[PDB]
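Before any comments, here is the structure.
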Amino acid sequence: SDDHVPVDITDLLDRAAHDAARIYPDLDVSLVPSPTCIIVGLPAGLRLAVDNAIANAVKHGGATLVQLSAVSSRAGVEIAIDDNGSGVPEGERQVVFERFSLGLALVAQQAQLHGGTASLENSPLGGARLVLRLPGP
Amino acid sequence: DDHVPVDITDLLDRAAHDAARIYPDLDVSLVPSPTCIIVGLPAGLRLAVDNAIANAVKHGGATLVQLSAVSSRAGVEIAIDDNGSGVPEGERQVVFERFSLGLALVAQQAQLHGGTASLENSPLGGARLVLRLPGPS
Amino acid sequence: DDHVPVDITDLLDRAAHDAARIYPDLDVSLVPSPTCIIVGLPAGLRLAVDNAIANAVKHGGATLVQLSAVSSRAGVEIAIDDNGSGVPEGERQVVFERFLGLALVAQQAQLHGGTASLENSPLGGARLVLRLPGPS
Numbered sequence: 298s299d300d301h302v303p304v305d306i307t308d309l310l311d312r313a314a315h316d317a318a319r320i321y322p323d324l325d326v327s328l329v330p331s332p333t334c335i336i337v338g339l340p341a342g343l344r345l346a347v348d349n350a351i352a353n354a355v356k357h358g359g360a361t362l363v364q365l366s367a368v369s370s371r372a373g374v375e376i377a378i379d380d381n382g383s384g385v386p387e388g389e390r391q392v393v394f395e396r397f398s410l411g412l413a414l415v416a417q418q419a420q421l422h423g424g425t426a427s428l429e430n431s432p433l434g435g436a437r438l439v440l441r442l443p444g445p
Numbered sequence: 299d300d301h302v303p304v305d306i307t308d309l310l311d312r313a314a315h316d317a318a319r320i321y322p323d324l325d326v327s328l329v330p331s332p333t334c335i336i337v338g339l340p341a342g343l344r345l346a347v348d349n350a351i352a353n354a355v356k357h358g359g360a361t362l363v364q365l366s367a368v369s370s371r372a373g374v375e376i377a378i379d380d381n382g383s384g385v386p387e388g389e390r391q392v393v394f395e396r397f398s410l411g412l413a414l415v416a417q418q419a420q421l422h423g424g425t426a427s428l429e430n431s432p433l434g435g436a437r438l439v440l441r442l443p444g445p446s
Numbered sequence: 299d300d301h302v303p304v305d306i307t308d309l310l311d312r313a314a315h316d317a318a319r320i321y322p323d324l325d326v327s328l329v330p331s332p333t334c335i336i337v338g339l340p341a342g343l344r345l346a347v348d349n350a351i352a353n354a355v356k357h358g359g360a361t362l363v364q365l366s367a368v369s370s371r372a373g374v375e376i377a378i379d380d381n382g383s384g385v386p387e388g389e390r391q392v393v394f395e396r397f410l411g412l413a414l415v416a417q418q419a420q421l422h423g424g425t426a427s428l429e430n431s432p433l434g435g436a437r438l439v440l441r442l443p444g445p446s
């Protein structure tokens, strides 16, 4: 907590999409225009969570399209990773957040370390929409 | 585990900055690299890097060192390249079996992370120590 | 082995943050310092820093303490400087033999093949220097 520093979430997502582009040659991955949101947290952990989300979308959902977004509000930030993959069935969302890599346990762990939550929804893109809701500073 | 998210790329950047202060006249830097997060032991990873720089300078007589990290689905390949004397091809194993020219600390850390440490010939002229570490996804 | 990689810098930071909570009317911080990883005993090294701070405050009446780490090829020099009343010159070796009482600090220095000594601090009180050899 004394370990938490300023984190430009939008910048983090931008760099995340860029590095993911180089790792996954199939992949159309981008940050959707978002206002600049700064929170206090653990930049490695938050980047890990995004990396891990993108990695599941591709390795396990077979996504060829991923969209990152950040929406600011008085409560904090809502980070979403949307993909056009096979998705995650409503019935399977729980094991998935308990499983380490389909396994998103790293995401739930980092969400919790930040006082926040990670949840799965369905994406307009066709696959999963993973949502990290982190309290603001 | 006591393993936590580690931004390998930032670790290298700090290592090079700190090394440049200990070793006057050493030209040491992180080469342009994507941000790579793994789960690992930041004190042990930093120490492995520190040890590799120290061996390059103290025993290889290096005046130029470049750190790098290359990311893949498999994880990360960290390299410490130097312009020193190098390690002859027939001598690499003995060097890894020795503590500090001795790189056993490096091998120990690589093994703790489920990866490998090895020596190659550097484009700079001296040794290239490569740590290959599995990713978290 | 008991001795494991220790980020000394991070250790000093945690020590300062916790001390700032424990002692009323204390300004205690880590001064900008490189990351120094040594191999050592984390519980014992933290105890040593904790003990140095406790001595400065409780016995020295310090209201300001600065922790710092300087690295070199030989290892790390950890310093705990204070604005308290200091340690009298005639006491500065013997204090490391007693449990005002710094035996815990000397014990950890020795376990690490290092040294602990006391000098005057630019802040007015004591400067406790702990020099630990590096792992390379």
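Protein chains in written order, with the UniProt record's numbering: chain A, 298 to 398, 410 to 445; chain B, 299 to 398, 410 to 446; chain C, 299 to 397, 410 to 446. Heads up, the beta-carbon is just placed ideally off N, CA and C, and yes, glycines get one too.
Check whether the Cβ atoms of residue i and residue j lie closer than 9 Å to each other.
i: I306 of chain B; j: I376 of chain B; result: yes
i: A354 of chain A; j: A346 of chain A; result: no
i: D380 of chain B; j: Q364 of chain B; result: yes
i: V304 of chain C; j: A341 of chain B; result: yes
i: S370 of chain B; j: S398 of chain A; result: no
i: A318 of chain B; j: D308 of chain B; result: no
i: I335 of chain A; j: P443 of chain A; result: no
i: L421 of chain C; j: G358 of chain C; result: no
i: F394 of chain C; j: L433 of chain C; result: no
i: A436 of chain B; j: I378 of chain B; result: yes
Residue i touches chain A at which residues, Cβ-Cβ below 9 Å?
i: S370 of chain B; result: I320
How would you list, in chain order, the residues of chain B whose beta-carbon sits under 9 Å from the beta-carbon of residue i?
i: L414 of chain A; result: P303, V337, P445 and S446
Mind pulling the chain A residues with CB within less than 7 Å of residue i?
i: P332 of chain B; result: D316 and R319
State the CB to CB distance for the pair residue i and residue j, rounded to an integer number of angstroms; the pair is presumed to be in contact (CB under 8 Å).
i: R441 of chain A; j: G373 of chain A; result: 7 Å
i: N430 of chain C; j: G384 of chain C; result: 7 Å
Between which two residues does the beta strand (DSSP E) holding residue i run?
i: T425 of chain C; result: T425 to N430
i: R437 of chain C; result: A436 to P443
i: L362 of chain C; result: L362 to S370
i: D325 of chain B; result: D325 to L328
i: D379 of chain B; result: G373 to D380
Between the options, which lies nearest to residue i when the distance is taken from Cα to Cα?
i: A426 of chain A; options: A:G435, A:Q391, A:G382 and A:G444; result: A:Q391
i: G338 of chain A; options: A:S298, A:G384 and A:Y321; result: A:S298
i: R344 of chain C; options: C:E387, C:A314 and C:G424; result: C:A314
i: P386 of chain B; options: B:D316, B:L438, B:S327 and B:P322; result: B:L438
i: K356 of chain C; options: C:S366, C:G382 and C:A413; result: C:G382
i: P330 of chain A; options: A:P322, A:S366 and A:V302; result: A:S366
i: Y321 of chain C; options: C:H301, C:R396 and C:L362; result: C:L362
i: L310 of chain A; options: A:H301, A:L328, A:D300 and A:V302; result: A:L328
i: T333 of chain C; options: B:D316, B:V415 and B:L414; result: B:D316
Please list, in chain order, the chain B residues whose beta carbon lies closer than 7 Å to that of residue i.
i: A341 of chain A; result: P303, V304, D305 and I335
i: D311 of chain A; result: Near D311 of chain A there are no residues of chain B at all, since even the closest Cβ is about 11 Å away, more than 7 Å.
i: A354 of chain A; result: Near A354 of chain A there are no residues of chain B at all, since even the closest Cβ is about 10 Å away, more than 7 Å.
i: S398 of chain A; result: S446
i: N349 of chain A; result: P445 and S446
What span of residues does the alpha helix (DSSP H) with residue i cover, start to end?
i: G342 of chain A; result: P340 to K356
i: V393 of chain B; result: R390 to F394
i: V415 of chain C; result: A413 to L421
i: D316 of chain B; result: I306 to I320
Considering only heavy atoms of the ligand NAP, does any lie closer than 8 Å to the CB of residue i?
i: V363 of chain A; result: Here there are no bound small molecules, and the ligand NAP is not part of this structure.
Going along chain C in order, which residues have a C-beta closer than 9 Å to the C-beta of residue i?
i: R344 of chain B; result: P303, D305, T333 and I335
With a threshold of 9 Å between beta-carbons, can residue i be considered close to chain F, or not?
i: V393 of chain B; result: Although the question refers to chain F, the structure presented lacks it and instead comprises the protein chains A, B and C.
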